[PDB]
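Student: Based on what follows, work out the 3D shape:
(chains A, B, C, D, E, F, G, H, I, J, K, L and M, ligands or ions: 28)
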Amino acid sequence: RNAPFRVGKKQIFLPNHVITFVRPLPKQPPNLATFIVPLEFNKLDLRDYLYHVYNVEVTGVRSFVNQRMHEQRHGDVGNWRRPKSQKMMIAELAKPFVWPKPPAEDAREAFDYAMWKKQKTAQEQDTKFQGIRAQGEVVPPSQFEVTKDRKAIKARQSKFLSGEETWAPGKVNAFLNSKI
Amino acid sequence: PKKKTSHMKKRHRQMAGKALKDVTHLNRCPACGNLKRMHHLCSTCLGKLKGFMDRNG
Amino acid sequence: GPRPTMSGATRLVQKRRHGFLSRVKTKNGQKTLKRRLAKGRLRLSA
Amino acid sequence: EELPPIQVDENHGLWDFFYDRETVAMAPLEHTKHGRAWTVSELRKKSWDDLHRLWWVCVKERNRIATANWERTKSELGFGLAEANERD
Amino acid sequence: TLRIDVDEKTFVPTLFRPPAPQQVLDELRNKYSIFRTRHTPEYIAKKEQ
Amino acid sequence: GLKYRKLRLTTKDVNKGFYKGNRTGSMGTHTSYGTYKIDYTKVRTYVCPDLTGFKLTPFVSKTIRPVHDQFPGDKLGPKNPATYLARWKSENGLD
Amino acid sequence: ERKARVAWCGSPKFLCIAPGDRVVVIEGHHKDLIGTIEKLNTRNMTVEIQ
Amino acid sequence: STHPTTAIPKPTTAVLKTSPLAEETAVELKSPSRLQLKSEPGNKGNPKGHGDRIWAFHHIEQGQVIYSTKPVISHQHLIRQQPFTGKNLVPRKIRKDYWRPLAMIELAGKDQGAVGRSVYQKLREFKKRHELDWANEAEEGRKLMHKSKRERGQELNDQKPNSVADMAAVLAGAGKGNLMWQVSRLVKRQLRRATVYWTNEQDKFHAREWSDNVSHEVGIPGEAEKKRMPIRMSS
Amino acid sequence: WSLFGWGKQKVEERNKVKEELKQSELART
Amino acid sequence: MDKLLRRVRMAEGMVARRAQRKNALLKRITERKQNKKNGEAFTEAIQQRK
RNA sequence: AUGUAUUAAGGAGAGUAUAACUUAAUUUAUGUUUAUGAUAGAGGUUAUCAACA
RNA sequence: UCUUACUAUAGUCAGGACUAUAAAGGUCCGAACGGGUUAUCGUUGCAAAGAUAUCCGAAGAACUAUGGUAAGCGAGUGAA
RNA sequence: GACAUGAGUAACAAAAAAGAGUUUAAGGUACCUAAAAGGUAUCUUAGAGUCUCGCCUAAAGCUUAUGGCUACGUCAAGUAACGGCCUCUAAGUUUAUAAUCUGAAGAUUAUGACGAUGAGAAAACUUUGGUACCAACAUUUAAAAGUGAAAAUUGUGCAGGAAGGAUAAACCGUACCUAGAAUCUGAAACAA
Ligand SMILES: [K+]
Ligand SMILES: [K+]
Ligand SMILES: [K+]
Ligand SMILES: [K+]
Ligand SMILES: [K+]
Ligand SMILES: [K+]
Ligand SMILES: [Mg+2]
Ligand SMILES: [Mg+2]
Ligand SMILES: [Mg+2]
Ligand SMILES: [Mg+2]
Ligand SMILES: [Mg+2]
Ligand SMILES: [Mg+2]
Ligand SMILES: [Mg+2]
Ligand SMILES: [Mg+2]
Ligand SMILES: [Mg+2]
Ligand SMILES: [Mg+2]
Ligand SMILES: [Mg+2]
Ligand SMILES: [Mg+2]
Ligand SMILES: [Mg+2]
Ligand SMILES: [Mg+2]
Ligand SMILES: [Mg+2]
Ligand SMILES: [Mg+2]
Ligand SMILES: [Mg+2]
Ligand SMILES: [Mg+2]
Ligand SMILES: [Mg+2]
Ligand SMILES: [Mg+2]
Ligand SMILES: [Mg+2]
Ligand SMILES: [Zn+2]
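Tutor: Numbering: from 1, shown residues only, chains lettered A, B, ... in the order given. Ligands and ions are numbered 1, 2, ... in the order given. I have put the structure below:
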């Protein structure tokens, strides 16, 4: 039992912090490990937290704070405030570590990627249409995407005009007792 | 302006002789028979022929 | 007419003049805080 | 992106943040296959050594969950955030 | 956890040593909280003076 | 300034000697020439026990239904100091 | 509103109707219809008859 | 006035094929120079030890490379070796927490300092011809011409992969007037022995193939003292 | 089924709404 | 100490008075957002009747 | 708005199961009455299907 | 945080010329910079004081920067 | 408060300036084809780039401040190649202490504390008062030569030119914008 560094004297038996291990950047070497730590965390803590809990030796630590956009308390209403910032730490591991590559879009069926992508597009088009209204504009009728209801009325039009089907008065417009 | 322009006089200025004139100088295209403008090239054949001479030659 | 009197203004002179410590540590500044605190203000200073 | 990969030690300390070594996150259908939280009545029969070792099993379990949440969003893996909240 | 492990009783009360290290108590409750109701005899003695 | 001036000033907004900490704690003292000496009596360490062979997990099977202790006839059931001292005698008399 | 819907069968927290018993519809177009309760949403106090 | 070359097949003087465009190998495009046909070129007019070792530093995040004869870099290197690749892409200074040694080249000749000053010359001219006249990456490979001026400048900053392929070329006799040849002219020629020290074992695989006169060693002298451990593929 | 109450649920409930629509199509044939 | 108990009782009351002011405000925001989301279903029924 | 009763230091910041409020942010127990109440099942997150003290 | 005066710590004034000085001048020509002489434009203006040309000072009673002090019964500051 | 009139009018004119190709994503049309699809061409929205031409250029360029309703993966023991924090103090401040004056509030002097726009060891490894002083101006000086600083040397003029202390690596800043082309102040995307 001999740590590579000098250990402190204040013992923490029940730490409540949550450490997140984030994927590195594309061009970063394989000896850098980035983590999300509490704002009160310091370099000395991560070095001691990564060795006593995970048995990971680090030769150096880097830390930087990421701010958060100022916001209103309730969406677009309320006073103007600023959330608590985020602290990220990069450890220079003594042993390299390489992450796995994300699965292919077609191999994400365990996460229900098919349904998730459909929902994402819907929300992607909702925030894009709301941005067109925030500029003081609207989508002209000619650019609206034709829905399934408009694709069905164009096939009926070709069937009536051609002569395949014969038009007849509606029978479900209203349920009258007269039936005339 | 001294007085507000009435509905009668403002309608006189807006529509009396300022109606949109209907274009009547149209004729069909000889290569496809689409409605093109007189003395002008067919836009559907221009782009297609312009793209057809770029592939083969 | 109005003038551009905030051109070149720094945020260190905003804390020294209308900051919070400039009011709790002065007899006349406790009134402002108490006045603004009675009205219900959130931004008591700066 | 076409370099020979390095050999990462099998027993690396940083492998404890991952649920699956191929996909950092766990499938939502297998992420909910868990029990319930310990009741205070059941913990009164555990010594300090058992409650001190169990606390750190929960800490490392939350660090493992926070790691799968951050990856799922960035990698656009899919759903699973609603199941990690109940497990956490 | 298996049923055999959750049912095992391992806690043995003590009287001359605390149940856990005395330092753990500071993590369980805030020593300087204004909501602290369990004080030491020395503190109350100083408060009465 | 119009509105940003009315927000709370942060360290990412000014640089003229405005230092505000994040409550990390004092890990030492400041020197007279601009350096820092780390006092390792204030540095904190995390005590993580050996988890090899530990069988307890953070979940309990739902087949076992949740039940609460009764302590019938005692107001301070779980916090009764009499049932903790009397229980201590039979189980652990020495310590 | 949740109390009004349950008024005839107790209170929202003391419910005297359970999924599995046959009920009769007394409102709407499909009046006097008889089916078996499949689901029982206790949040909006709505019942599903398949 | 400048003249950019075209990505057309050409012959190489090196013993290996540096790129797929290379048609021939080990071709004499000019008679041996004065020092080429010399068994022991020496540090005639340079300080003692100069040219025996050549260091290469790189930005661990953006990939910018710098060559230096001394064990440390200064501000002169950043100005005289980094061309403008866009706004907010040329650092105003050297940050100690971003720049690390990429590799270190050591020649067998303990006093042939003139052989190193030549390798350092071809490496700096190849790096200049990689940021300029990058006709082989415009429509193939990275496809820099299919990228925006912002993204194109970020890919030009990443000279770390190119620099490693420049070492295998220069150390294999690439360039005209390379002093890492040795012509006997009794006329048989060979390559001089060299050693490459790598901070990362995986960084030497950017070159498709290395010559037979280079030996690869892990770790650079002076790195361990800084508590920086080298990266080993085998582990 | 709203557009924002569709991703806040588990896959167990999201798949229970697909069985509803699946068995709803077998009755239309 | 009898004087140390008044300190705790007052602190408990202050924090309990602050949670009621915040809770009351939150209940109205949700109730307003729920009634506006339900109003989308009422408008549909009124449109189909006309 | 007035009257009656009780009471006698007030706010903010950030965070959190977005009815639940303070990093334990839905703690743990007692007693009584439970449809003749109060005013012989299902359900531990598909939760909080119980109120008063 | 404008502006006036004072105050502390700092910074700036291409080049050339004359003069007793290598450096001693509220000296000279003229950029930066600082002024705002005349004219036209503009007048719901680009601007609730701007544009163009022209003109004045430009080693001094000069100009600029970050702080500080003195103001509202009595009047602070004021080459007025 | 809503809605008219002027009026579909003025305006979108810093005397830099544009022209012709190419291309990506999504969507809208027409045809091909009716097995859905896909293909060809075109338009719309949001982009990107190539060749030619011109404008700014002691800028309308680059690097950075003040500042910021632009945006949050911005990474340092120190020097080369960094600031703050920290130590020292100026002009001043003080609901700190003592003494004193004073209708109360307060004021005064001393001390303390605080207070940069200044001063702070070493490193391409490192941890007395002209025996003077570092205001202005001039002169000289890192030896191949020239030039620009730094620091120092010597001298000149009167307007006579600070204070104090010394002497194994925490915490905070680090993104973008610099005003002729999308970010600062001018109510704003303002010819300032
Ligand atoms: K005024
Ligand atoms: K706590
Ligand atoms: K900033
Ligand atoms: K006019
Ligand atoms: K530092
Ligand atoms: K007095
Ligand atoms: Mg930092
Ligand atoms: Mg100003
Ligand atoms: Mg308590
Ligand atoms: Mg300071
Ligand atoms: Mg930058
Ligand atoms: Mg001022
Ligand atoms: Mg003069
Ligand atoms: Mg002049
Ligand atoms: Mg004037
Ligand atoms: Mg005038
Ligand atoms: Mg004159
Ligand atoms: Mg008119
Ligand atoms: Mg007109
Ligand atoms: Mg006009
Ligand atoms: Mg299309
Ligand atoms: Mg700034
Ligand atoms: Mg001090
Ligand atoms: Mg300073
Ligand atoms: Mg402008
Ligand atoms: Mg300008
Ligand atoms: Mg503006
Ligand atoms: Zn045609």
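
Student: Tell me which residue of chain F lies closest to chain E.
Tutor: Residue nearest to chain E within chain F (C-beta to the nearest C-beta): residue F:88, separated by 3.9 Å. C-beta coordinates here come from the backbone N, C-alpha and C atoms, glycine included.

Student: Please enumerate the helices of the chain.
Tutor: Chain wasn't specified; assuming chain A. A:43-52, A:113-134, A:148-162 (DSSP state H).

Student: um, chain G though
Tutor: Counting by DSSP H, chain G has helices at residues G:2-6.

Student: Single out the residue in it that lies closest to chain D.
Tutor: residue G:43 (17.5 Å).

Student: okay, now that residue: neighbour count?
Tutor: Using other C-beta atoms under 10 Å in any protein chain shown, residue G:43 has 7 neighbouring residues.

Student: Kindly report the same for residue D:39.
Tutor: Residue D:39 sits with 16 neighbouring residues when counted by other C-beta under 10 Å.

Student: what's the helix or strand for the residue of chain F closest to chain E?
Tutor: helix F:81-91 (DSSP states H and E).

Student: what's in contact with that helix?
Tutor: By C-beta atoms under 8 Å, 6 or more residues apart in numbering or on different chains, the list of residues contacting helix F:81-91 from outside reads E:12, E:13, E:14, E:15, F:71, F:74, F:77.

Student: what does stretch A:34-44 give?
Tutor: By C-beta under 8 Å, 6+ apart, the residues outside stretch A:34-44 that reach it are A:8, A:17-24, A:45-46, A:61-63, A:65, A:84-91, D:66, D:70, F:22-25, F:27, F:38, F:43-44.

Student: can that stretch be found next to RNA strand M?
Tutor: Yes: against RNA strand M, stretch A:34-44 shows contacts by C-beta under 7 Å from any atom of the strand at A:34, A:39, A:42, A:43, A:44.

Student: May I see the PyMOL selection of the buried members of the residues you listed?
Tutor: What follows is the PyMOL syntax selecting those of the residues of stretch A:34-44 next to RNA strand M that are buried according to 16 or more other C-beta atoms under 10 Å in any protein chain shown:
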select buried, chain A and resi 34+42+43+44
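
Student: Reformat the residues of stretch A:34-44 next to RNA strand M into JSON lines and put distance to residue F:1 next to each item.
Tutor: Output for the residues of stretch A:34-44 next to RNA strand M, formatted as JSON lines (distance: C-beta to C-beta, whole Å):
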{"residue": "A:34", "distance to residue F:1": "36"}
{"residue": "A:39", "distance to residue F:1": "27"}
{"residue": "A:42", "distance to residue F:1": "34"}
{"residue": "A:43", "distance to residue F:1": "36"}
{"residue": "A:44", "distance to residue F:1": "39"}
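
Student: Among the residues of stretch A:34-44 next to RNA strand M, find me the one that's closest to chain H.
Tutor: The shortest gap between chain H and any of the residues of stretch A:34-44 next to RNA strand M belongs to residue A:34, at 11.9 Å (C-beta to the nearest C-beta).

Student: who's that closest one bridged to?
Tutor: For residue A:34, the beta-bridge partners are residue A:22, residue A:90 (DSSP bridges).

Student: Let me see the ranges of the helices in chain J.
Tutor: With DSSP H as the criterion, chain J has helices at J:2-49.

Student: Centre-most residue in it?
Tutor: residue J:27 (2.3 Å; C-alpha atoms, centre = their mean).

Student: In chain C, what residue lies closest to chain D?
Tutor: Closest contact between chain C and chain D, by C-beta to the nearest C-beta, is at residue C:42 (32.1 Å).

Student: Run through the residues that contact that residue.
Tutor: Taking C-beta under 8 Å, 6+ apart, we find residue C:42 in contact with residue A:79.

Student: May I ask you to confirm that it belongs to a helix?
Tutor: No: according to DSSP: H, G, I helix; E, B strand; the rest coil, residue C:42 belongs to no helix; its state is coil.

Student: which residue packs closest to residue H:17, ignoring adjacent ones?
Tutor: Excluding the flanking residues, the one nearest residue H:17 by C-beta to C-beta, 6 or more residues apart in numbering or on different chains is residue H:25, at 5.8 Å.

Student: likewise residue I:6?
Tutor: In this structure, residue I:6 finds its nearest non-sequential neighbour in residue A:119, 5.9 Å apart by C-beta to C-beta, 6+ apart.

Student: how many neighbours does residue D:86 have?
Tutor: Residue D:86 has 10 neighbours, counted by other C-beta under 10 Å.

Student: whoops, residue D:76 was the one
Tutor: Using other C-beta under 10 Å, residue D:76 has 14 neighbouring residues.

Student: Now do the same contact list for it.
Tutor: For residue D:76, the contact set (C-beta under 8 Å, 6+ apart) comprises A:113, A:116, A:120.

Student: now, among these, which is nearest to residue H:187?
Tutor: Nearest to residue H:187 among the contacts of residue D:76: residue A:113, at 66.3 Å, using C-beta to C-beta.
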